[PDB]
Amino acid sequence: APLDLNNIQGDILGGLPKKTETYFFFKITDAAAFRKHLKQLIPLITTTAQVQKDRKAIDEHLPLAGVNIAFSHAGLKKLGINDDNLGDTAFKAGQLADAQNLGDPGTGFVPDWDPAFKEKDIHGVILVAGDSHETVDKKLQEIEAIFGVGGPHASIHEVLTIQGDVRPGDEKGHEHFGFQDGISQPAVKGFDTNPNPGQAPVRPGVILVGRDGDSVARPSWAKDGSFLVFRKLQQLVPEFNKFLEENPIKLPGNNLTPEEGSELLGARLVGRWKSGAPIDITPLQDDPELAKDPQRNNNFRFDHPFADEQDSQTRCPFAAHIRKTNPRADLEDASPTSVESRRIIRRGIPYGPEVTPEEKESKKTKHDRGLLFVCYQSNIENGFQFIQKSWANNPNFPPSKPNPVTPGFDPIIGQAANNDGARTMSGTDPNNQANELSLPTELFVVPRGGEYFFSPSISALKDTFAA
Ligand code: HEM
């Protein structure tokens, strides 16, 4: 059947438009009151239908708020909602239980997370996205009132609030390392009806529980919901920059300046120039015109050369972040159902202040900043967990490579098996692809915690969650 976009929470398909976004992580302290309160929240919940209207209004221009809600397994238990058939071990077990296997640093095993993610019983998260702090703060006061926060009717307790902010000026839509984000998303069949060149279509059930392509009995209340993975990922920006500065690529002829060598290395760690121009299309120079053109900036698959050819890392290293997280032709030899199953929708936002002169000049992080990583999928095991653990953390992925090649770790998110995280990456020098680059002992991205949630449908919120 066609998708009913007025039944789907709007961060999942379309995504909540934003300059700032607050995540309000809560514990349910009064289940009966919470279910009554939730009836009054439902009219505030932004559906995909409303997002499409909102995006049409932004594209023609604005005070605009979007609201979604998601529940952890601990929250469903608290509400007495039987989730025996919801998701699989990952959602039921919670992210803290998965931290060791994700490769998160520990003093184990307990991960080195922020206390709120490590110590505390998170039952859910309310997402509030808006054009401004004023818009989000106003909407949060309304949502707090609905749940009685600050008064004797309270049904929830705040565990943690985290604010994200899109970066300023010409860095708008770039993450803190300086790279354009939000380019490549799967095209959901029945929603993204005009995929860009290179944008692979996926059956809706890769994203939405209970739809075509959802390879898992389901409870009726899970249809048209999606699993929300949250990770707070701290970024060490001066430390990343220091690594590029110390490791410029020198191509035959020694024509590149050290600055150009360091810039090229950055592009080859991610798979794109900071502009968003993909290196599989423009391997040795940026192309700002290409970077801005959605008909062109995703039209590659790592097929010329293909993975199995000698010296096949000429244009993009195997271990470049995007080639680890979306292998394209490195696996597209396998079934359309198999490769579509690994796709995620990303809806994160940067957090924290811009790098200060002192941080920049001293080359040392003083302030907490990074990515509030959010992704949606119908199956956490097939999406987020597989990408992190089978691909990013696997130095010998992909098997389509030549046998003598050891790609190494995703240099952005890749984590090694023991606290001794010695990480290497091959292929960064296109004319000496066997040469290993030792990554620093100190990670560039430091996980600070997160949780696995479920964003229900509107009808599920009305007919199952609310009272
Ligand atoms: C601070 C942490 C991270 C940074 C700085 C980062 C940065 C980026 C950048 C710059 C892009 C390229 C833009 C694009 O193609 O849309 C990208 C794409 C992507 N990232 Fe990340 N990322 C981070 C964490 C993660 C994590 C934890 C995952 C999954 C486990 C992930 C999965 C992806 C995927 C699937 C893509 C799209 C690949 C494609 O379709 O070509 N990223 N990321």
# chains A, B, ... in the order shown; residues from 1 in each chain; ligands from 1

call {"tool": "residues_near_ligand", "arguments": {"ligand": "ligand 1", "cutoff": "8 Å", "atoms": "only C-alpha atoms and all ligand atoms", "output": "PDB file with N, CA, C and O atoms, in the first residue's frame"}}
result
ATOM      1  N   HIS A 174      27.898  21.571   7.524  1.00  0.00           N
ATOM      2  CA  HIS A 174      29.170  20.834   7.728  1.00  0.00           C
ATOM      3  C   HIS A 174      29.269  20.356   9.174  1.00  0.00           C
ATOM      4  O   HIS A 174      28.760  21.085  10.083  1.00  0.00           O
ATOM      5  N   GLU A 175      29.935  19.220   9.369  1.00  0.00           N
ATOM      6  CA  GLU A 175      30.178  18.695  10.725  1.00  0.00           C
ATOM      7  C   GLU A 175      31.437  19.413  11.217  1.00  0.00           C
ATOM      8  O   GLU A 175      32.048  20.164  10.430  1.00  0.00           O
ATOM      9  N   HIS A 176      31.814  19.199  12.465  1.00  0.00           N
ATOM     10  CA  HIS A 176      32.881  20.010  13.119  1.00  0.00           C
ATOM     11  C   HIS A 176      34.258  19.796  12.491  1.00  0.00           C
ATOM     12  O   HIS A 176      35.073  20.743  12.607  1.00  0.00           O
ATOM     13  N   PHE A 177      34.547  18.653  11.837  1.00  0.00           N
ATOM     14  CA  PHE A 177      35.852  18.505  11.160  1.00  0.00           C
ATOM     15  C   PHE A 177      35.906  19.393   9.893  1.00  0.00           C
ATOM     16  O   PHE A 177      37.022  19.606   9.329  1.00  0.00           O
ATOM     17  N   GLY A 178      34.750  19.856   9.406  1.00  0.00           N
ATOM     18  CA  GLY A 178      34.648  20.821   8.309  1.00  0.00           C
ATOM     19  C   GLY A 178      34.041  20.248   7.043  1.00  0.00           C
ATOM     20  O   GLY A 178      33.961  20.994   6.044  1.00  0.00           O
ATOM     21  N   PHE A 179      33.561  19.006   7.074  1.00  0.00           N
ATOM     22  CA  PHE A 179      33.032  18.314   5.873  1.00  0.00           C
ATOM     23  C   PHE A 179      31.519  18.515   5.769  1.00  0.00           C
ATOM     24  O   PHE A 179      30.780  18.302   6.730  1.00  0.00           O
ATOM     25  N   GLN A 180      31.065  18.857   4.560  1.00  0.00           N
ATOM     26  CA  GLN A 180      29.633  18.891   4.181  1.00  0.00           C
ATOM     27  C   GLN A 180      29.040  17.534   4.524  1.00  0.00           C
ATOM     28  O   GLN A 180      29.600  16.487   4.152  1.00  0.00           O
ATOM     29  N   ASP A 181      27.911  17.577   5.226  1.00  0.00           N
ATOM     30  CA  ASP A 181      27.162  16.390   5.653  1.00  0.00           C
ATOM     31  C   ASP A 181      25.778  16.433   4.984  1.00  0.00           C
ATOM     32  O   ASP A 181      25.389  17.477   4.343  1.00  0.00           O
ATOM     33  N   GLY A 182      25.068  15.324   5.114  1.00  0.00           N
ATOM     34  CA  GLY A 182      23.665  15.174   4.712  1.00  0.00           C
ATOM     35  C   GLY A 182      23.505  15.030   3.205  1.00  0.00           C
ATOM     36  O   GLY A 182      22.431  15.306   2.725  1.00  0.00           O
ATOM     37  N   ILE A 183      24.519  14.553   2.479  1.00  0.00           N
ATOM     38  CA  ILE A 183      24.418  14.441   1.011  1.00  0.00           C
ATOM     39  C   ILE A 183      23.712  13.135   0.643  1.00  0.00           C
ATOM     40  O   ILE A 183      22.839  13.193  -0.209  1.00  0.00           O
ATOM     41  N   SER A 184      24.210  12.015   1.157  1.00  0.00           N
ATOM     42  CA  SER A 184      23.843  10.662   0.691  1.00  0.00           C
ATOM     43  C   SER A 184      22.885  10.020   1.686  1.00  0.00           C
ATOM     44  O   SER A 184      23.323   9.637   2.791  1.00  0.00           O
ATOM     45  N   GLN A 185      21.663   9.775   1.236  1.00  0.00           N
ATOM     46  CA  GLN A 185      20.648   9.048   2.032  1.00  0.00           C
ATOM     47  C   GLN A 185      20.038   8.045   1.079  1.00  0.00           C
ATOM     48  O   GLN A 185      19.963   8.312  -0.114  1.00  0.00           O
ATOM     49  N   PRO A 186      19.510   6.927   1.590  1.00  0.00           N
ATOM     50  CA  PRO A 186      18.815   5.975   0.724  1.00  0.00           C
ATOM     51  C   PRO A 186      17.524   6.635   0.243  1.00  0.00           C
ATOM     52  O   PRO A 186      16.854   7.398   0.971  1.00  0.00           O
ATOM     53  N   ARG A 231      23.753   8.450  19.306  1.00  0.00           N
ATOM     54  CA  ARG A 231      25.122   8.438  19.836  1.00  0.00           C
ATOM     55  C   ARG A 231      25.639   9.868  19.975  1.00  0.00           C
ATOM     56  O   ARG A 231      25.612  10.621  19.008  1.00  0.00           O
ATOM     57  N   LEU A 233      28.802  11.765  19.993  1.00  0.00           N
ATOM     58  CA  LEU A 233      30.168  11.490  19.489  1.00  0.00           C
ATOM     59  C   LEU A 233      30.969  12.798  19.602  1.00  0.00           C
ATOM     60  O   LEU A 233      30.806  13.718  18.772  1.00  0.00           O
ATOM     61  N   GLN A 234      31.815  12.851  20.621  1.00  0.00           N
ATOM     62  CA  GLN A 234      32.703  14.017  20.832  1.00  0.00           C
ATOM     63  C   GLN A 234      33.758  14.055  19.718  1.00  0.00           C
ATOM     64  O   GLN A 234      34.321  12.986  19.401  1.00  0.00           O
ATOM     65  N   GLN A 235      34.060  15.229  19.159  1.00  0.00           N
ATOM     66  CA  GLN A 235      35.091  15.380  18.110  1.00  0.00           C
ATOM     67  C   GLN A 235      36.261  16.209  18.634  1.00  0.00           C
ATOM     68  O   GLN A 235      36.029  17.213  19.300  1.00  0.00           O
ATOM     69  N   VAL A 270      37.693  10.726   4.427  1.00  0.00           N
ATOM     70  CA  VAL A 270      36.213  10.789   4.450  1.00  0.00           C
ATOM     71  C   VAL A 270      35.638  10.132   3.183  1.00  0.00           C
ATOM     72  O   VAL A 270      34.604   9.488   3.294  1.00  0.00           O
ATOM     73  N   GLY A 271      36.221  10.377   2.008  1.00  0.00           N
ATOM     74  CA  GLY A 271      35.627   9.969   0.740  1.00  0.00           C
ATOM     75  C   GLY A 271      35.035  11.140  -0.019  1.00  0.00           C
ATOM     76  O   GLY A 271      34.609  10.937  -1.168  1.00  0.00           O
ATOM     77  N   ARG A 272      35.057  12.332   0.582  1.00  0.00           N
ATOM     78  CA  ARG A 272      34.617  13.575  -0.082  1.00  0.00           C
ATOM     79  C   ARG A 272      35.593  14.668   0.327  1.00  0.00           C
ATOM     80  O   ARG A 272      36.035  14.646   1.472  1.00  0.00           O
ATOM     81  N   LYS A 274      35.862  18.553   1.665  1.00  0.00           N
ATOM     82  CA  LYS A 274      35.008  19.265   2.657  1.00  0.00           C
ATOM     83  C   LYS A 274      33.815  19.935   1.980  1.00  0.00           C
ATOM     84  O   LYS A 274      32.779  20.021   2.614  1.00  0.00           O
ATOM     85  N   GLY A 276      31.898  18.631  -0.177  1.00  0.00           N
ATOM     86  CA  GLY A 276      30.987  17.531  -0.535  1.00  0.00           C
ATOM     87  C   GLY A 276      31.293  16.871  -1.867  1.00  0.00           C
ATOM     88  O   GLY A 276      30.675  15.837  -2.210  1.00  0.00           O
ATOM     89  N   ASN A 298      26.472  12.540  -6.104  1.00  0.00           N
ATOM     90  CA  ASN A 298      26.310  11.187  -5.517  1.00  0.00           C
ATOM     91  C   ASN A 298      26.438  10.133  -6.619  1.00  0.00           C
ATOM     92  O   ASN A 298      26.207   8.960  -6.342  1.00  0.00           O
ATOM     93  N   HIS A 321      35.658   6.852   5.161  1.00  0.00           N
ATOM     94  CA  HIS A 321      34.401   6.760   5.948  1.00  0.00           C
ATOM     95  C   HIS A 321      33.214   6.358   5.066  1.00  0.00           C
ATOM     96  O   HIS A 321      32.543   5.370   5.406  1.00  0.00           O
ATOM     97  N   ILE A 322      32.941   7.078   3.973  1.00  0.00           N
ATOM     98  CA  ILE A 322      31.720   6.768   3.170  1.00  0.00           C
ATOM     99  C   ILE A 322      31.823   5.417   2.496  1.00  0.00           C
ATOM    100  O   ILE A 322      30.755   4.798   2.301  1.00  0.00           O
ATOM    101  N   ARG A 323      33.036   4.944   2.194  1.00  0.00           N
ATOM    102  CA  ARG A 323      33.207   3.649   1.491  1.00  0.00           C
ATOM    103  C   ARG A 323      33.048   2.521   2.514  1.00  0.00           C
ATOM    104  O   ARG A 323      32.502   1.464   2.163  1.00  0.00           O
ATOM    105  N   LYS A 324      33.389   2.747   3.770  1.00  0.00           N
ATOM    106  CA  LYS A 324      33.076   1.791   4.863  1.00  0.00           C
ATOM    107  C   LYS A 324      31.560   1.742   5.109  1.00  0.00           C
ATOM    108  O   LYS A 324      31.064   0.651   5.305  1.00  0.00           O
ATOM    109  N   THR A 325      30.861   2.886   5.118  1.00  0.00           N
ATOM    110  CA  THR A 325      29.476   2.948   5.640  1.00  0.00           C
ATOM    111  C   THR A 325      28.440   2.689   4.537  1.00  0.00           C
ATOM    112  O   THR A 325      27.348   2.238   4.883  1.00  0.00           O
ATOM    113  N   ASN A 326      28.802   2.930   3.287  1.00  0.00           N
ATOM    114  CA  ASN A 326      27.999   2.571   2.091  1.00  0.00           C
ATOM    115  C   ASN A 326      28.949   2.022   1.031  1.00  0.00           C
ATOM    116  O   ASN A 326      29.516   2.794   0.252  1.00  0.00           O
ATOM    117  N   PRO A 327      29.220   0.702   1.050  1.00  0.00           N
ATOM    118  CA  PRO A 327      30.227   0.076   0.171  1.00  0.00           C
ATOM    119  C   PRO A 327      29.917   0.125  -1.333  1.00  0.00           C
ATOM    120  O   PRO A 327      30.849  -0.116  -2.129  1.00  0.00           O
ATOM    121  N   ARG A 328      28.687   0.498  -1.713  1.00  0.00           N
ATOM    122  CA  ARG A 328      28.295   0.623  -3.150  1.00  0.00           C
ATOM    123  C   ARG A 328      28.754  -0.639  -3.882  1.00  0.00           C
ATOM    124  O   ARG A 328      28.412  -1.763  -3.418  1.00  0.00           O
ATOM    125  N   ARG A 343      21.110  -0.112   4.724  1.00  0.00           N
ATOM    126  CA  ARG A 343      21.005   1.352   4.573  1.00  0.00           C
ATOM    127  C   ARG A 343      20.348   1.964   5.814  1.00  0.00           C
ATOM    128  O   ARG A 343      19.459   1.328   6.402  1.00  0.00           O
ATOM    129  N   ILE A 344      20.809   3.153   6.166  1.00  0.00           N
ATOM    130  CA  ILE A 344      20.247   3.957   7.290  1.00  0.00           C
ATOM    131  C   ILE A 344      19.905   5.355   6.793  1.00  0.00           C
ATOM    132  O   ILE A 344      20.506   5.844   5.805  1.00  0.00           O
ATOM    133  N   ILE A 345      18.948   5.974   7.467  1.00  0.00           N
ATOM    134  CA  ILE A 345      18.651   7.418   7.319  1.00  0.00           C
ATOM    135  C   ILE A 345      19.296   8.167   8.479  1.00  0.00           C
ATOM    136  O   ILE A 345      19.048   7.791   9.639  1.00  0.00           O
ATOM    137  N   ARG A 346      20.094   9.165   8.176  1.00  0.00           N
ATOM    138  CA  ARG A 346      20.855   9.940   9.177  1.00  0.00           C
ATOM    139  C   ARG A 346      20.174  11.291   9.416  1.00  0.00           C
ATOM    140  O   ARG A 346      19.779  11.943   8.442  1.00  0.00           O
ATOM    141  N   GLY A 370      30.956  18.122  18.928  1.00  0.00           N
ATOM    142  CA  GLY A 370      30.930  16.896  18.106  1.00  0.00           C
ATOM    143  C   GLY A 370      29.622  16.763  17.385  1.00  0.00           C
ATOM    144  O   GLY A 370      29.105  17.760  16.842  1.00  0.00           O
ATOM    145  N   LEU A 371      29.188  15.524  17.257  1.00  0.00           N
ATOM    146  CA  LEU A 371      27.995  15.147  16.487  1.00  0.00           C
ATOM    147  C   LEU A 371      27.015  14.454  17.420  1.00  0.00           C
ATOM    148  O   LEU A 371      27.418  13.509  18.122  1.00  0.00           O
ATOM    149  N   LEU A 372      25.780  14.900  17.398  1.00  0.00           N
ATOM    150  CA  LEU A 372      24.629  14.143  17.936  1.00  0.00           C
ATOM    151  C   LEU A 372      24.179  13.288  16.770  1.00  0.00           C
ATOM    152  O   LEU A 372      23.444  13.766  15.841  1.00  0.00           O
ATOM    153  N   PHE A 373      24.719  12.072  16.754  1.00  0.00           N
ATOM    154  CA  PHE A 373      24.476  11.119  15.659  1.00  0.00           C
ATOM    155  C   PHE A 373      23.102  10.513  15.887  1.00  0.00           C
ATOM    156  O   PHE A 373      22.876   9.925  16.953  1.00  0.00           O
ATOM    157  N   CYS A 375      20.344   7.886  13.670  1.00  0.00           N
ATOM    158  CA  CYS A 375      19.956   7.210  12.436  1.00  0.00           C
ATOM    159  C   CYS A 375      18.712   6.384  12.698  1.00  0.00           C
ATOM    160  O   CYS A 375      18.478   5.973  13.851  1.00  0.00           O
ATOM    161  N   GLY A 383      21.472  -2.381  10.281  1.00  0.00           N
ATOM    162  CA  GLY A 383      21.877  -0.998   9.997  1.00  0.00           C
ATOM    163  C   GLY A 383      23.031  -0.541  10.842  1.00  0.00           C
ATOM    164  O   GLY A 383      24.171  -1.037  10.621  1.00  0.00           O
ATOM    165  N   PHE A 384      22.775   0.372  11.772  1.00  0.00           N
ATOM    166  CA  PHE A 384      23.813   0.987  12.625  1.00  0.00           C
ATOM    167  C   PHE A 384      24.828  -0.076  13.102  1.00  0.00           C
ATOM    168  O   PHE A 384      26.036   0.138  12.971  1.00  0.00           O
ATOM    169  N   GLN A 385      24.373  -1.154  13.724  1.00  0.00           N
ATOM    170  CA  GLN A 385      25.318  -2.119  14.358  1.00  0.00           C
ATOM    171  C   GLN A 385      26.220  -2.772  13.299  1.00  0.00           C
ATOM    172  O   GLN A 385      27.411  -3.008  13.570  1.00  0.00           O
ATOM    173  N   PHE A 386      25.654  -3.137  12.162  1.00  0.00           N
ATOM    174  CA  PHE A 386      26.401  -3.830  11.092  1.00  0.00           C
ATOM    175  C   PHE A 386      27.454  -2.877  10.533  1.00  0.00           C
ATOM    176  O   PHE A 386      28.622  -3.247  10.357  1.00  0.00           O
ATOM    177  N   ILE A 387      27.035  -1.650  10.215  1.00  0.00           N
ATOM    178  CA  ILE A 387      27.924  -0.599   9.680  1.00  0.00           C
ATOM    179  C   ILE A 387      29.069  -0.364  10.639  1.00  0.00           C
ATOM    180  O   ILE A 387      30.251  -0.406  10.181  1.00  0.00           O
ATOM    181  N   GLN A 388      28.779  -0.157  11.920  1.00  0.00           N
ATOM    182  CA  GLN A 388      29.855   0.109  12.888  1.00  0.00           C
ATOM    183  C   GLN A 388      30.763  -1.119  13.014  1.00  0.00           C
ATOM    184  O   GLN A 388      31.990  -0.988  12.930  1.00  0.00           O
ATOM    185  N   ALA A 392      33.070  -0.601   9.590  1.00  0.00           N
ATOM    186  CA  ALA A 392      33.984   0.443  10.111  1.00  0.00           C
ATOM    187  C   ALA A 392      35.076  -0.167  10.999  1.00  0.00           C
ATOM    188  O   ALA A 392      36.250   0.246  10.895  1.00  0.00           O
ATOM    189  N   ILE A 412      37.534   7.815  10.884  1.00  0.00           N
ATOM    190  CA  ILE A 412      36.601   8.728  11.579  1.00  0.00           C
ATOM    191  C   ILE A 412      35.966   8.017  12.776  1.00  0.00           C
ATOM    192  O   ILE A 412      36.072   8.579  13.858  1.00  0.00           O
ATOM    193  N   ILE A 413      35.350   6.845  12.582  1.00  0.00           N
ATOM    194  CA  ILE A 413      34.522   6.160  13.603  1.00  0.00           C
ATOM    195  C   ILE A 413      35.060   4.769  13.948  1.00  0.00           C
ATOM    196  O   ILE A 413      34.501   4.167  14.869  1.00  0.00           O
ATOM    197  N   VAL A 445      37.277  10.788  17.311  1.00  0.00           N
ATOM    198  CA  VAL A 445      35.843  10.729  17.701  1.00  0.00           C
ATOM    199  C   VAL A 445      35.749   9.867  18.951  1.00  0.00           C
ATOM    200  O   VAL A 445      36.265   8.725  18.942  1.00  0.00           O
TER     201      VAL A 445
END

call {"tool": "select_by_dssp", "arguments": {"residues": "range 149-372 of chain A", "states": "strand (DSSP E or B)", "output": "PyMOL selection string"}}
result
chain A and resi 156-165+174+180+187-188+201-202+226-235+272+278+345-346+349-351+370-372

call {"tool": "select_by_dssp", "arguments": {"residues": "range 230-437 of chain A", "states": "alpha helix (DSSP H)", "output": "ChimeraX atom specification"}}
result
/A:237-246,258-270,288-292,321-325,336-340,357-362,384-386

call {"tool": "closest_residue", "arguments": {"among": "A:63, A:75, A:450, A:430", "to": "residue 251 in chain A", "atoms": "only C-alpha atoms"}}
result
A:430

call {"tool": "closest_residue", "arguments": {"among": "A:6, A:247, A:418, A:72", "to": "residue 439 in chain A", "atoms": "only C-alpha atoms"}}
result
A:247

call {"tool": "residues_around", "arguments": {"residues": "residue 329 in chain A", "least_positions_apart": "2", "cutoff": "6 Å", "atoms": "only C-alpha atoms", "output": "JSON, numbers by chain"}}
result
{"A": [301, 302, 331, 332]}

call {"tool": "write_last_selection", "arguments": {"atoms": "C-alpha atoms", "output": "PDB file, in the first residue's frame"}}
result
ATOM      1  CA  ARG A 301      29.792   3.515  -7.063  1.00  0.00           C
ATOM      2  CA  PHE A 302      33.592   2.744  -6.778  1.00  0.00           C
ATOM      3  CA  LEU A 331      29.207  -5.436  -2.364  1.00  0.00           C
ATOM      4  CA  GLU A 332      26.692  -4.607  -5.214  1.00  0.00           C
TER       5      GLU A 332
END

call {"tool": "residues_around", "arguments": {"residues": "range 143-146 of chain A", "least_positions_apart": "6", "cutoff": "9 Å", "atoms": "only C-alpha atoms", "output": "number ranges by chain"}}
result
A: 37-38, 40-41, 44, 126, 154, 156

call {"tool": "closest_residue", "arguments": {"among": "A:264, A:93, A:256, A:236", "to": "residue 446 in chain A", "atoms": "only C-alpha atoms"}}
result
A:236

call {"tool": "residues_around", "arguments": {"residues": "residue 262 in chain A", "least_positions_apart": "4", "cutoff": "10 Å", "atoms": "only C-alpha atoms", "output": "PDB file with N, CA, C and O atoms, in the first residue's frame"}}
result
ATOM      1  N   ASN A 241      43.054  17.967  12.888  1.00  0.00           N
ATOM      2  CA  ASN A 241      43.780  18.916  12.008  1.00  0.00           C
ATOM      3  C   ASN A 241      45.287  18.673  12.132  1.00  0.00           C
ATOM      4  O   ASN A 241      45.985  18.739  11.114  1.00  0.00           O
ATOM      5  N   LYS A 242      45.773  18.443  13.349  1.00  0.00           N
ATOM      6  CA  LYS A 242      47.211  18.196  13.603  1.00  0.00           C
ATOM      7  C   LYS A 242      47.639  16.949  12.836  1.00  0.00           C
ATOM      8  O   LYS A 242      48.709  16.956  12.234  1.00  0.00           O
ATOM      9  N   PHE A 243      46.821  15.906  12.854  1.00  0.00           N
ATOM     10  CA  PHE A 243      47.123  14.668  12.114  1.00  0.00           C
ATOM     11  C   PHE A 243      47.246  14.962  10.609  1.00  0.00           C
ATOM     12  O   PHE A 243      48.198  14.473   9.948  1.00  0.00           O
ATOM     13  N   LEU A 244      46.291  15.700  10.029  1.00  0.00           N
ATOM     14  CA  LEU A 244      46.374  16.024   8.585  1.00  0.00           C
ATOM     15  C   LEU A 244      47.666  16.822   8.352  1.00  0.00           C
ATOM     16  O   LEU A 244      48.378  16.540   7.397  1.00  0.00           O
ATOM     17  N   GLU A 245      47.935  17.804   9.202  1.00  0.00           N
ATOM     18  CA  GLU A 245      49.074  18.750   9.046  1.00  0.00           C
ATOM     19  C   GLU A 245      50.378  17.957   9.062  1.00  0.00           C
ATOM     20  O   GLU A 245      51.298  18.269   8.278  1.00  0.00           O
ATOM     21  N   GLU A 246      50.472  16.940   9.914  1.00  0.00           N
ATOM     22  CA  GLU A 246      51.728  16.151  10.077  1.00  0.00           C
ATOM     23  C   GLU A 246      51.875  15.085   8.978  1.00  0.00           C
ATOM     24  O   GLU A 246      52.948  14.468   8.888  1.00  0.00           O
ATOM     25  N   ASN A 247      50.843  14.830   8.178  1.00  0.00           N
ATOM     26  CA  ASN A 247      50.842  13.656   7.273  1.00  0.00           C
ATOM     27  C   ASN A 247      50.453  14.034   5.853  1.00  0.00           C
ATOM     28  O   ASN A 247      49.685  13.295   5.212  1.00  0.00           O
ATOM     29  N   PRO A 248      50.974  15.132   5.283  1.00  0.00           N
ATOM     30  CA  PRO A 248      50.577  15.489   3.913  1.00  0.00           C
ATOM     31  C   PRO A 248      50.997  14.388   2.925  1.00  0.00           C
ATOM     32  O   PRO A 248      52.128  13.849   3.022  1.00  0.00           O
ATOM     33  N   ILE A 249      50.115  14.085   1.991  1.00  0.00           N
ATOM     34  CA  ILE A 249      50.426  13.209   0.834  1.00  0.00           C
ATOM     35  C   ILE A 249      51.386  13.965  -0.089  1.00  0.00           C
ATOM     36  O   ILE A 249      51.116  15.135  -0.427  1.00  0.00           O
ATOM     37  N   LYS A 250      52.481  13.313  -0.433  1.00  0.00           N
ATOM     38  CA  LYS A 250      53.397  13.746  -1.514  1.00  0.00           C
ATOM     39  C   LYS A 250      53.251  12.814  -2.713  1.00  0.00           C
ATOM     40  O   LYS A 250      53.618  11.638  -2.627  1.00  0.00           O
ATOM     41  N   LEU A 256      52.504  19.084  -4.971  1.00  0.00           N
ATOM     42  CA  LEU A 256      51.579  19.587  -3.925  1.00  0.00           C
ATOM     43  C   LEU A 256      52.375  20.332  -2.863  1.00  0.00           C
ATOM     44  O   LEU A 256      53.391  19.817  -2.387  1.00  0.00           O
ATOM     45  N   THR A 257      51.826  21.438  -2.413  1.00  0.00           N
ATOM     46  CA  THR A 257      52.308  22.061  -1.161  1.00  0.00           C
ATOM     47  C   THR A 257      51.957  21.119  -0.009  1.00  0.00           C
ATOM     48  O   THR A 257      51.064  20.265  -0.120  1.00  0.00           O
ATOM     49  N   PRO A 258      52.582  21.295   1.175  1.00  0.00           N
ATOM     50  CA  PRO A 258      52.154  20.576   2.383  1.00  0.00           C
ATOM     51  C   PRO A 258      50.666  20.808   2.684  1.00  0.00           C
ATOM     52  O   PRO A 258      49.973  19.850   3.042  1.00  0.00           O
ATOM     53  N   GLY A 266      42.790  14.593   4.080  1.00  0.00           N
ATOM     54  CA  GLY A 266      41.452  14.755   4.683  1.00  0.00           C
ATOM     55  C   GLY A 266      40.390  14.199   3.767  1.00  0.00           C
ATOM     56  O   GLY A 266      39.514  13.468   4.231  1.00  0.00           O
ATOM     57  N   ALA A 267      40.414  14.584   2.489  1.00  0.00           N
ATOM     58  CA  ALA A 267      39.381  14.110   1.528  1.00  0.00           C
ATOM     59  C   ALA A 267      39.429  12.593   1.414  1.00  0.00           C
ATOM     60  O   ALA A 267      38.374  11.950   1.246  1.00  0.00           O
ATOM     61  N   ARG A 268      40.626  12.020   1.466  1.00  0.00           N
ATOM     62  CA  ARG A 268      40.774  10.560   1.337  1.00  0.00           C
ATOM     63  C   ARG A 268      40.464   9.825   2.648  1.00  0.00           C
ATOM     64  O   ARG A 268      40.174   8.619   2.530  1.00  0.00           O
TER      65      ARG A 268
END

call {"tool": "decode", "arguments": {"residues": "range 12-21 of chain A", "atoms": "N, CA and C atoms", "output": "short mmCIF file (atom, residue, chain, number, x, y, z; two decimals), in the first residue's frame"}}
result
data_model
loop_
_atom_site.label_atom_id
_atom_site.label_comp_id
_atom_site.auth_asym_id
_atom_site.auth_seq_id
_atom_site.Cartn_x
_atom_site.Cartn_y
_atom_site.Cartn_z
N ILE A 12 11.72 10.68 10.56
CA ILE A 12 12.08 9.39 9.92
C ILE A 12 12.19 9.61 8.41
N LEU A 13 11.07 9.92 7.77
CA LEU A 13 11.01 10.24 6.33
C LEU A 13 10.89 11.77 6.23
N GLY A 14 11.74 12.39 5.41
CA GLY A 14 11.83 13.85 5.23
C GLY A 14 12.82 14.47 6.18
N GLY A 15 12.64 14.20 7.47
CA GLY A 15 13.46 14.73 8.56
C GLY A 15 13.02 16.10 9.02
N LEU A 16 13.10 16.34 10.33
CA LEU A 16 12.70 17.64 10.90
C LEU A 16 13.69 18.71 10.48
N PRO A 17 13.25 19.77 9.79
CA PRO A 17 14.16 20.84 9.37
C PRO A 17 14.60 21.63 10.60
N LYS A 18 15.83 22.13 10.60
CA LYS A 18 16.39 22.69 11.85
C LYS A 18 17.62 23.56 11.61
N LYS A 19 17.80 24.54 12.49
CA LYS A 19 19.11 25.20 12.73
C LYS A 19 19.60 24.76 14.12
N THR A 20 18.69 24.35 14.99
CA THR A 20 19.01 23.90 16.36
C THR A 20 18.02 22.80 16.75
N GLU A 21 18.43 21.92 17.64
CA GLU A 21 17.57 20.79 18.02
C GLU A 21 17.97 20.41 19.44
#
